[PDB]
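A.B. asks: Hey, dropping model-v8.cif in here, mmCIF, C-alpha atoms (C1' of nucleotides); chains and numbers go by the auth columns:
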```
data_run
#
loop_
_atom_site.group_PDB
_atom_site.id
_atom_site.type_symbol
_atom_site.label_atom_id
_atom_site.label_comp_id
_atom_site.label_asym_id
_atom_site.label_seq_id
_atom_site.Cartn_x
_atom_site.Cartn_y
_atom_site.Cartn_z
_atom_site.B_iso_or_equiv
_atom_site.auth_seq_id
_atom_site.auth_asym_id
ATOM 1 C CA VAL A 1 0.000 0.000 0.000 0.00 59 A
ATOM 2 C CA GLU A 2 3.117 2.141 0.448 0.00 60 A
ATOM 3 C CA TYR A 3 6.008 2.746 -1.940 0.00 61 A
ATOM 4 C CA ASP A 4 8.982 0.386 -1.988 0.00 62 A
ATOM 5 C CA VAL A 5 10.952 2.025 -4.841 0.00 63 A
ATOM 6 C CA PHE A 6 11.418 5.697 -5.713 0.00 64 A
ATOM 7 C CA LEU A 7 13.016 6.920 -8.942 0.00 65 A
ATOM 8 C CA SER A 8 14.653 10.175 -10.050 0.00 66 A
ATOM 9 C CA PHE A 9 15.857 11.291 -13.479 0.00 67 A
ATOM 10 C CA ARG A 10 16.133 14.135 -15.994 0.00 68 A
ATOM 11 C CA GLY A 11 13.128 15.732 -17.654 0.00 69 A
ATOM 12 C CA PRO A 12 13.293 15.698 -21.441 0.00 70 A
ATOM 13 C CA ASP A 13 16.242 13.317 -21.788 0.00 71 A
ATOM 14 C CA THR A 14 15.185 9.879 -20.520 0.00 72 A
ATOM 15 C CA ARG A 15 11.531 10.362 -19.556 0.00 73 A
ATOM 16 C CA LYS A 16 10.373 8.293 -22.553 0.00 74 A
ATOM 17 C CA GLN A 17 13.765 7.066 -23.920 0.00 75 A
ATOM 18 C CA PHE A 18 14.327 4.191 -21.413 0.00 76 A
ATOM 19 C CA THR A 19 13.070 4.842 -17.812 0.00 77 A
ATOM 20 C CA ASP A 20 9.457 4.431 -19.075 0.00 78 A
ATOM 21 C CA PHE A 21 10.028 0.776 -20.122 0.00 79 A
ATOM 22 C CA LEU A 22 11.600 0.038 -16.703 0.00 80 A
ATOM 23 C CA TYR A 23 8.468 1.453 -14.974 0.00 81 A
ATOM 24 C CA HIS A 24 6.211 -0.885 -17.132 0.00 82 A
ATOM 25 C CA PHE A 25 8.573 -3.883 -16.854 0.00 83 A
ATOM 26 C CA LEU A 26 8.902 -3.461 -13.096 0.00 84 A
ATOM 27 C CA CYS A 27 5.140 -3.484 -12.510 0.00 85 A
ATOM 28 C CA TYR A 28 5.158 -7.034 -13.886 0.00 86 A
ATOM 29 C CA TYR A 29 6.963 -8.223 -10.741 0.00 87 A
ATOM 30 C CA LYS A 30 4.064 -7.207 -8.451 0.00 88 A
ATOM 31 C CA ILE A 31 5.747 -4.251 -6.735 0.00 89 A
ATOM 32 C CA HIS A 32 4.436 -0.697 -6.467 0.00 90 A
ATOM 33 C CA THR A 33 6.693 1.859 -8.160 0.00 91 A
ATOM 34 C CA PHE A 34 6.649 5.655 -7.896 0.00 92 A
ATOM 35 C CA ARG A 35 7.584 7.991 -10.736 0.00 93 A
ATOM 36 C CA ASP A 36 6.526 11.619 -11.067 0.00 94 A
ATOM 37 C CA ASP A 37 6.375 14.097 -13.936 0.00 95 A
ATOM 38 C CA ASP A 38 4.783 17.204 -12.363 0.00 96 A
ATOM 39 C CA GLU A 39 7.193 20.112 -12.779 0.00 97 A
ATOM 40 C CA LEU A 40 6.413 21.273 -9.199 0.00 98 A
ATOM 41 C CA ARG A 41 7.622 24.944 -9.142 0.00 99 A
ATOM 42 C CA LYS A 42 4.595 25.602 -6.878 0.00 100 A
ATOM 43 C CA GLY A 43 6.895 27.148 -4.319 0.00 101 A
ATOM 44 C CA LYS A 44 10.406 25.773 -3.872 0.00 102 A
ATOM 45 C CA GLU A 45 9.891 22.305 -2.337 0.00 103 A
ATOM 46 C CA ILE A 46 6.546 20.518 -2.061 0.00 104 A
ATOM 47 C CA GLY A 47 5.745 18.549 1.073 0.00 105 A
ATOM 48 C CA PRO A 48 2.805 16.168 0.693 0.00 106 A
ATOM 49 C CA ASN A 49 4.181 14.975 -2.650 0.00 107 A
ATOM 50 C CA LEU A 50 7.952 14.494 -2.757 0.00 108 A
ATOM 51 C CA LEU A 51 8.753 14.824 0.953 0.00 109 A
ATOM 52 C CA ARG A 52 6.066 12.271 1.800 0.00 110 A
ATOM 53 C CA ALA A 53 7.226 9.538 -0.579 0.00 111 A
ATOM 54 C CA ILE A 54 10.913 10.118 0.207 0.00 112 A
ATOM 55 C CA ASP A 55 10.494 8.872 3.776 0.00 113 A
ATOM 56 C CA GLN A 56 8.048 6.226 2.519 0.00 114 A
ATOM 57 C CA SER A 57 10.421 4.733 -0.072 0.00 115 A
ATOM 58 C CA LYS A 58 12.585 1.687 0.576 0.00 116 A
ATOM 59 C CA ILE A 59 15.250 1.507 -2.178 0.00 117 A
ATOM 60 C CA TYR A 60 16.144 4.912 -3.602 0.00 118 A
ATOM 61 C CA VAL A 61 17.291 4.217 -7.160 0.00 119 A
ATOM 62 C CA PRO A 62 18.453 7.337 -9.040 0.00 120 A
ATOM 63 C CA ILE A 63 19.307 7.306 -12.746 0.00 121 A
ATOM 64 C CA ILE A 64 22.077 9.805 -13.478 0.00 122 A
ATOM 65 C CA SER A 65 22.041 10.981 -17.094 0.00 123 A
ATOM 66 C CA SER A 66 24.193 13.269 -19.216 0.00 124 A
ATOM 67 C CA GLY A 67 22.419 16.533 -18.406 0.00 125 A
ATOM 68 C CA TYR A 68 21.385 15.690 -14.850 0.00 126 A
ATOM 69 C CA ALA A 69 23.330 18.665 -13.458 0.00 127 A
ATOM 70 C CA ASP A 70 21.329 21.553 -14.945 0.00 128 A
ATOM 71 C CA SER A 71 17.796 21.341 -13.534 0.00 129 A
ATOM 72 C CA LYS A 72 17.741 23.418 -10.308 0.00 130 A
ATOM 73 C CA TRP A 73 15.092 20.943 -8.995 0.00 131 A
ATOM 74 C CA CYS A 74 16.998 17.638 -9.343 0.00 132 A
ATOM 75 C CA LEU A 75 20.320 18.318 -7.609 0.00 133 A
ATOM 76 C CA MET A 76 18.886 19.879 -4.448 0.00 134 A
ATOM 77 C CA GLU A 77 16.450 16.966 -4.363 0.00 135 A
ATOM 78 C CA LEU A 78 19.296 14.463 -4.649 0.00 136 A
ATOM 79 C CA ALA A 79 20.934 16.295 -1.748 0.00 137 A
ATOM 80 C CA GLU A 80 17.913 15.148 0.261 0.00 138 A
ATOM 81 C CA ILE A 81 18.251 11.515 -0.839 0.00 139 A
ATOM 82 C CA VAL A 82 21.869 10.815 0.065 0.00 140 A
ATOM 83 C CA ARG A 83 21.512 12.888 3.235 0.00 141 A
ATOM 84 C CA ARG A 84 18.553 10.909 4.576 0.00 142 A
ATOM 85 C CA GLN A 85 20.400 7.720 3.630 0.00 143 A
ATOM 86 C CA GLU A 86 23.439 8.546 5.775 0.00 144 A
ATOM 87 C CA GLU A 87 21.311 8.835 8.926 0.00 145 A
ATOM 88 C CA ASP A 88 19.676 5.391 8.635 0.00 146 A
ATOM 89 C CA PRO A 89 21.767 2.862 6.676 0.00 147 A
ATOM 90 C CA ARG A 90 18.886 0.375 6.668 0.00 148 A
ATOM 91 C CA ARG A 91 18.176 1.456 3.072 0.00 149 A
ATOM 92 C CA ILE A 92 20.489 1.452 0.058 0.00 150 A
ATOM 93 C CA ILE A 93 21.225 3.200 -3.249 0.00 151 A
ATOM 94 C CA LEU A 94 21.772 1.508 -6.633 0.00 152 A
ATOM 95 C CA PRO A 95 22.784 4.226 -9.108 0.00 153 A
ATOM 96 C CA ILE A 96 22.780 3.558 -12.837 0.00 154 A
ATOM 97 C CA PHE A 97 25.147 5.609 -14.971 0.00 155 A
ATOM 98 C CA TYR A 98 23.944 6.389 -18.476 0.00 156 A
ATOM 99 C CA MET A 99 25.821 7.449 -21.624 0.00 157 A
ATOM 100 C CA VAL A 100 28.430 9.084 -19.389 0.00 158 A
ATOM 101 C CA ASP A 101 31.733 8.108 -17.852 0.00 159 A
ATOM 102 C CA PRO A 102 31.944 7.062 -14.200 0.00 160 A
ATOM 103 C CA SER A 103 34.610 9.756 -13.919 0.00 161 A
ATOM 104 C CA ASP A 104 32.643 12.909 -14.810 0.00 162 A
ATOM 105 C CA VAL A 105 30.506 12.319 -11.716 0.00 163 A
ATOM 106 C CA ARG A 106 33.114 12.420 -8.909 0.00 164 A
ATOM 107 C CA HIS A 107 34.604 15.830 -9.866 0.00 165 A
ATOM 108 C CA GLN A 108 31.833 17.599 -11.841 0.00 166 A
ATOM 109 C CA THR A 109 34.256 18.266 -14.704 0.00 167 A
ATOM 110 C CA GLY A 110 33.829 17.570 -18.417 0.00 168 A
ATOM 111 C CA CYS A 111 30.147 17.964 -19.347 0.00 169 A
ATOM 112 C CA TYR A 112 29.190 19.588 -16.024 0.00 170 A
ATOM 113 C CA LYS A 113 31.819 22.378 -15.901 0.00 171 A
ATOM 114 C CA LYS A 114 29.744 25.044 -17.733 0.00 172 A
ATOM 115 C CA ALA A 115 26.603 23.846 -15.858 0.00 173 A
ATOM 116 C CA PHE A 116 28.233 25.037 -12.607 0.00 174 A
ATOM 117 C CA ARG A 117 29.788 27.927 -14.549 0.00 175 A
ATOM 118 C CA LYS A 118 26.410 29.698 -14.526 0.00 176 A
ATOM 119 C CA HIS A 119 24.888 28.153 -11.386 0.00 177 A
ATOM 120 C CA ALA A 120 27.440 30.065 -9.288 0.00 178 A
ATOM 121 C CA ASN A 121 26.006 33.500 -10.137 0.00 179 A
ATOM 122 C CA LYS A 122 22.638 32.962 -8.405 0.00 180 A
ATOM 123 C CA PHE A 123 22.802 30.859 -5.236 0.00 181 A
ATOM 124 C CA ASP A 124 24.966 30.896 -2.109 0.00 182 A
ATOM 125 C CA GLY A 125 28.673 30.083 -2.095 0.00 183 A
ATOM 126 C CA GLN A 126 28.001 27.261 0.361 0.00 184 A
ATOM 127 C CA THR A 127 24.878 25.636 -1.092 0.00 185 A
ATOM 128 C CA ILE A 128 26.867 24.768 -4.220 0.00 186 A
ATOM 129 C CA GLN A 129 29.567 23.099 -2.125 0.00 187 A
ATOM 130 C CA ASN A 130 26.732 21.137 -0.507 0.00 188 A
ATOM 131 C CA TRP A 131 25.716 19.679 -3.876 0.00 189 A
ATOM 132 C CA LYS A 132 29.241 18.811 -5.023 0.00 190 A
ATOM 133 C CA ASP A 133 29.758 17.027 -1.702 0.00 191 A
ATOM 134 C CA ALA A 134 26.592 14.964 -2.147 0.00 192 A
ATOM 135 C CA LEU A 135 26.863 14.352 -5.895 0.00 193 A
ATOM 136 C CA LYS A 136 30.379 12.991 -5.386 0.00 194 A
ATOM 137 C CA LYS A 137 29.569 10.200 -2.943 0.00 195 A
ATOM 138 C CA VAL A 138 26.905 8.846 -5.301 0.00 196 A
ATOM 139 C CA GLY A 139 29.609 8.098 -7.865 0.00 197 A
ATOM 140 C CA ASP A 140 31.365 5.633 -5.560 0.00 198 A
ATOM 141 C CA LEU A 141 28.731 2.938 -4.993 0.00 199 A
ATOM 142 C CA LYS A 142 28.038 -0.020 -7.312 0.00 200 A
ATOM 143 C CA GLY A 143 26.403 0.699 -10.674 0.00 201 A
ATOM 144 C CA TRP A 144 25.637 -0.822 -14.072 0.00 202 A
ATOM 145 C CA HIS A 145 27.327 1.292 -16.735 0.00 203 A
ATOM 146 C CA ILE A 146 25.380 1.337 -20.011 0.00 204 A
ATOM 147 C CA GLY A 147 27.683 1.892 -22.966 0.00 205 A
ATOM 148 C CA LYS A 148 26.769 2.852 -26.518 0.00 206 A
ATOM 149 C CA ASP A 149 26.259 -0.789 -27.548 0.00 207 A
ATOM 150 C CA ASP A 150 24.802 -2.521 -24.479 0.00 208 A
ATOM 151 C CA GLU A 151 21.240 -3.747 -24.967 0.00 209 A
ATOM 152 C CA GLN A 152 18.738 -1.305 -23.483 0.00 210 A
ATOM 153 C CA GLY A 153 16.506 -4.351 -22.871 0.00 211 A
ATOM 154 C CA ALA A 154 18.672 -7.108 -21.322 0.00 212 A
ATOM 155 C CA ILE A 155 20.065 -4.616 -18.732 0.00 213 A
ATOM 156 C CA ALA A 156 16.483 -3.857 -17.536 0.00 214 A
ATOM 157 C CA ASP A 157 15.722 -7.562 -16.827 0.00 215 A
ATOM 158 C CA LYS A 158 19.106 -8.048 -15.068 0.00 216 A
ATOM 159 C CA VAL A 159 18.681 -4.913 -12.881 0.00 217 A
ATOM 160 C CA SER A 160 15.009 -5.572 -12.082 0.00 218 A
ATOM 161 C CA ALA A 161 15.630 -8.962 -10.459 0.00 219 A
ATOM 162 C CA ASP A 162 18.332 -7.401 -8.280 0.00 220 A
ATOM 163 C CA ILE A 163 15.588 -5.116 -6.981 0.00 221 A
ATOM 164 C CA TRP A 164 13.242 -8.091 -6.652 0.00 222 A
ATOM 165 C CA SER A 165 15.844 -10.257 -4.904 0.00 223 A
ATOM 166 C CA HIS A 166 16.025 -7.839 -1.965 0.00 224 A
ATOM 167 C CA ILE A 167 12.232 -8.061 -1.495 0.00 225 A
ATOM 168 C CA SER A 168 11.333 -11.760 -1.643 0.00 226 A
ATOM 169 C CA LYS A 169 14.262 -12.934 0.495 0.00 227 A
ATOM 170 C CA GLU A 170 14.113 -9.741 2.604 0.00 228 A
ATOM 171 C "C1'" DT B 1 -8.839 31.434 -33.278 0.00 1 B
ATOM 172 C "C1'" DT B 2 -5.268 36.790 -33.411 0.00 2 B
ATOM 173 C "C1'" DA B 3 -3.532 41.484 -31.491 0.00 3 B
ATOM 174 C "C1'" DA B 4 -1.685 43.501 -26.898 0.00 4 B
ATOM 175 C "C1'" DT B 5 0.184 44.014 -21.696 0.00 5 B
ATOM 176 C "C1'" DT B 6 1.859 41.881 -16.910 0.00 6 B
ATOM 177 C "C1'" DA B 7 3.996 37.706 -14.513 0.00 7 B
ATOM 178 C "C1'" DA B 8 7.567 34.300 -14.354 0.00 8 B
ATOM 179 C "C1'" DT B 9 10.638 29.710 -16.504 0.00 9 B
ATOM 180 C "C1'" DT B 10 14.252 27.314 -19.540 0.00 10 B
ATOM 181 C "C1'" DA B 11 19.291 27.543 -22.989 0.00 11 B
ATOM 182 C "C1'" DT B 12 23.269 26.369 -24.698 0.00 12 B
ATOM 183 C "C1'" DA B 13 26.532 29.396 -28.348 0.00 13 B
ATOM 184 C "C1'" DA B 14 29.731 33.192 -30.463 0.00 14 B
ATOM 185 C "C1'" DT B 15 33.369 37.000 -29.973 0.00 15 B
ATOM 186 C "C1'" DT B 16 36.992 40.016 -27.587 0.00 16 B
ATOM 187 C "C1'" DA B 17 40.762 40.008 -23.989 0.00 17 B
ATOM 188 C "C1'" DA B 18 44.909 37.779 -21.020 0.00 18 B
ATOM 189 C "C1'" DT B 19 47.977 33.891 -18.837 0.00 19 B
ATOM 190 C "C1'" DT B 20 49.951 29.462 -19.226 0.00 20 B
ATOM 191 C "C1'" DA B 21 54.642 25.032 -23.330 0.00 21 B
ATOM 192 C "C1'" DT B 22 59.066 21.753 -24.457 0.00 22 B
ATOM 193 C "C1'" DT B 23 58.558 20.158 -28.298 0.00 23 B
ATOM 194 C "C1'" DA B 24 59.147 20.581 -34.162 0.00 24 B
ATOM 195 C "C1'" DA B 25 62.896 22.028 -37.948 0.00 25 B
ATOM 196 C "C1'" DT B 26 66.826 23.726 -40.653 0.00 26 B
ATOM 197 C "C1'" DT B 27 70.880 26.957 -40.789 0.00 27 B
ATOM 198 C "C1'" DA B 28 75.303 28.440 -38.799 0.00 28 B
ATOM 199 C "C1'" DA B 29 79.872 27.876 -35.713 0.00 29 B
ATOM 200 C "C1'" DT B 30 83.004 25.149 -32.320 0.00 30 B
ATOM 201 C "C1'" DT B 31 84.406 20.746 -30.250 0.00 31 B
ATOM 202 C "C1'" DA B 32 85.482 14.348 -30.663 0.00 32 B
ATOM 203 C "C1'" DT B 33 90.832 11.616 -33.181 0.00 33 B
ATOM 204 C "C1'" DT B 34 90.817 7.349 -34.097 0.00 34 B
ATOM 205 C "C1'" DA B 35 89.236 3.473 -37.896 0.00 35 B
ATOM 206 C "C1'" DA B 36 91.754 2.208 -41.976 0.00 36 B
ATOM 207 C "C1'" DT B 37 95.048 0.883 -45.457 0.00 37 B
ATOM 208 C "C1'" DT B 38 98.889 2.864 -48.568 0.00 38 B
ATOM 209 C "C1'" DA B 39 103.879 5.112 -48.895 0.00 39 B
ATOM 210 C "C1'" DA B 40 108.545 5.698 -46.576 0.00 40 B
ATOM 211 C "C1'" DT B 41 112.027 4.472 -42.842 0.00 41 B
ATOM 212 C "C1'" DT B 42 114.057 2.191 -38.773 0.00 42 B
ATOM 213 C "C1'" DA B 43 114.632 -2.502 -34.286 0.00 43 B
#
```
Show how you would write the structure in this file as structure tokens.
C.D. replies:
Amino acid sequence: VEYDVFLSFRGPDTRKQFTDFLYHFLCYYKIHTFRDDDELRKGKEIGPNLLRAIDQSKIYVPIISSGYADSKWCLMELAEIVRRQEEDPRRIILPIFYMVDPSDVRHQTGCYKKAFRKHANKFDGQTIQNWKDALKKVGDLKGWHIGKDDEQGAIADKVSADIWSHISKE
DNA sequence: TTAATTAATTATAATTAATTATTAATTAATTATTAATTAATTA
């Protein structure tokens, strides 16, 4: 009746490209999945929607993309995932890199440089250091890299069971 | 459906400007005295 898996991704990039199939494939294993498309903006952080499901989730599974560092709504939300995780280690994180190196995520260089080249003219000089401290630790856990040739279909089946193995056996 | 105003939101790109680099290549000049046999002479 509650949520056992909570996703997070980019807007226009992978909302129909691949994450959509995983939502439809996952529902075939009899588990309730949460994905959201509402652009929020109704304020700066909504409570009864995101904040509710965050504490209700069980396996936070982000999906870092190529342009995941531009939306001013994703990063600060990810800062709430990995922060809540460090307080109670009962839950886990299974990131999935996508079309990007597992090196442009630990130092925000490469395809993120100019993203933080303009993000530094608006916000505080400490809030940005809060993101780069949280975004870094995500790029150290285990994760299926998806190269240019790997099957966008076989990976889904392999990763889904790893989410279903931690539920049946508990 | 249009025109018009207000309110926000999202973009990368181009140019100018500066610092930062031992390497590429030839020229030129100096420096390296044996290798080697031949010729001549001597023990």
A.B. asks: Between CA of residue 92 in chain A and CA of residue 65 in chain A, what is the spacing in Å?
C.D. replies: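 Between these atoms lies a distance of 6.6 Å.
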A.B. asks: Can you turn the PyMOL selection byres ((chain B) within 10 of (chain A)) into a concrete residue list for this file, as a short mmCIF file (atom, residue, chain, number, x, y, z; two decimals) with C-alpha atoms (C1' of nucleotides), in the frame of the given file?
C.D. replies:
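Generated output (expr-v6.cif):
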```cif
data_model
loop_
_atom_site.label_atom_id
_atom_site.label_comp_id
_atom_site.auth_asym_id
_atom_site.auth_seq_id
_atom_site.Cartn_x
_atom_site.Cartn_y
_atom_site.Cartn_z
"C1'" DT B 9 10.64 29.71 -16.50
"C1'" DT B 10 14.25 27.31 -19.54
"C1'" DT B 12 23.27 26.37 -24.70
#
```
A.B. asks: Here's the selection I'm unsure about, the PyMOL selection byres ((chain A and resi 109-116) around 6); applied to the file above, which residues does it give, as a list in words?
C.D. replies: residues 61, 62, 63, 64, 105, 106, 107, 108 and 117 of chain A
A.B. asks: Output, as AutoDock Vina command-line options, the centre and edge lengths in Å (one decimal) of the axis-aligned box that contains all listed atoms of range 18-23 of chain B with 3 Å of margin on each side.
C.D. replies:
```
--center_x 52.0 --center_y 29.0 --center_z -23.6 --size_x 20.2 --size_y 23.6 --size_z 15.5
```
A.B. asks: Counting all atoms listed in the file, which residue out of A:180, A:90, A:140, A:153 sits closest to residue 200 in chain A?
C.D. replies: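 Under the stated criterion, the closest residue is A:153.
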A.B. asks: Give me the result of the PyMOL selection byres ((chain A and resi 127) around 12) on this file, residue by residue, as a ChimeraX atom specification.
C.D. replies: /A:67-69,122-126,128-136,162-163,166-177,186,189-190,193
A.B. asks: Calculate how many Å separate CA of residue 202 in chain A from CA of residue 226 in chain A, rounding to one decimal.
C.D. replies: 21.9 Å
A.B. asks: Distance CA of residue 185 in chain A-CA of residue 119 in chain A, one decimal place?
C.D. replies: 23.5 Å
A.B. asks: Restricting the calculation to only C-alpha atoms, which member of A:83, A:222, A:181, A:76 is positioned closest to residue 121 in chain A?
C.D. replies: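 Checking each of A:83, A:222, A:181, A:76 against residue 121 in chain A, counting only C-alpha atoms, the winner is A:76.
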